[PDB]
Structure formats: structure tokens, C-alpha cells
Amino acid sequence: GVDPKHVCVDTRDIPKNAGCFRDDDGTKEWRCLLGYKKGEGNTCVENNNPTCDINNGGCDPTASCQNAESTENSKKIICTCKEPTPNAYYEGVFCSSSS
């Protein structure tokens, strides 16, 4: 999709168990770590059953997800950043302007 160059600067909107990201829009985003999900309320927690498509399984829409099962929720879903992607934050929960 788009180029991760979105970087991140402030990310105060960014809850716990959530990685920090900024979008091209200027809006600072957050996502829920690999195999995580929103639990608290605008917040991320360990999702003991991660599925792809939904939260991308805790991955970034540019990061190609894989839906899988494992003892660890954060060792289930696989995210893939590519050449057209400056970075992959939190293993690929996001993609930023490299790191």
C-alpha cells in the first residue's frame, strides 16, 4: 500500500500494549501488538486468539499478516513489511519511516 515514511513523534493518543505510529494525515495512530486486541477501552491487550484481517492480527495493513495459533498470542500472527515499506514497527504492527 502506502510507504511507512509516516514516522512518529508524539503518540500520546497511543495506549498500552499498543505501538506508536503517525499517519501521512498527521494523525498519530496506534495499533495493538502482534496477536493483541483492544480490551481496556481505546487500549490494547493480549488477545489469546488472534485472527488476521481483524486488527490484521495485531499487524499493520501494509504488513502482510498470517493467521495462526500458538501458545503465545504474540507468536501467532506473522507480519510482513516489504521493499515499498520504509519500516515495520513492533515487528510489523506498523510501518514507519525506517528505524
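Residues numbered from 1 in each chain as written, not as in the entry; some residues may be left out. Heavy atoms only, no water.

- The record lists solution NMR as the method behind this PDB entry.

Re the pairing of strand β2 (residues 28–32)
Line of reasoning, step 1. The pairing of strand β1 (residues 18–22) with β2 spans five bridges and is classified as antiparallel. Note on β2: the bridge partner recorded for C20 is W30. (Pairing = 2+ DSSP bridges. Helix = DSSP H or I, 4+ residues; strand = E, 2+ residues; numbered from the N terminus.)

A look at the pairing of β1
Line of reasoning, step 1. Most of β1 sits out of view: four of its five residues are buried.
Line of reasoning, step 2. A loop of five residues connects β1 with β2, the two strands running antiparallel in sequence, and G26 in this loop sits at a positive phi of about 105°. (Buried < 20%, exposed > 50% of the residue type's maximum accessible area, 1.4 Å probe, protein only.)

Remarks on the UniProt feature "domain: EGF-like" in the chain
Line of reasoning, step 1. Following the UniProt record, the feature "domain: EGF-like" maps to residues 6–48 and 49–97 here.
Line of reasoning, step 2. End C-alpha to end C-alpha, residues 6–48 measures 30 Å, and it is 0% helix and 37% strand.
Line of reasoning, step 3. The span residues 49–97 is 0% helical and 0% strand by assignment, and the distance between its end C-alpha atoms comes to 30 Å. (UniProt positions renumbered as here; feature names shortened; annotations may be inferred.)

Regarding the pattern of salt bridges
Line of reasoning, step 1. Enumeration over the complete set of coordinates arrives at seven salt bridges.
Line of reasoning, step 2. Residue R31 is joined to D60 by a salt bridge in which the shortest nitrogen-to-oxygen separation is 3.6 Å. On the criterion of sequence distance, the pair formed by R31 in strand β2 and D60 in the segment after β4 (44–46) is long-range, its members being 29 residues apart. The same class applies to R31 and to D60, which are both buried.
Line of reasoning, step 3. With its nearest N and O atoms 3.4 Å apart, the salt bridge here joins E72 to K75.
Line of reasoning, step 4. For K75, a relative accessible area of 56% puts it in the exposed group.
Line of reasoning, step 5. Connected through salt bridges with shared partners, the residues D10, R12 and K28 form a single ionic network. (Salt bridge = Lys/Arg side-chain N within 4 Å of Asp/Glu carboxyl O.)

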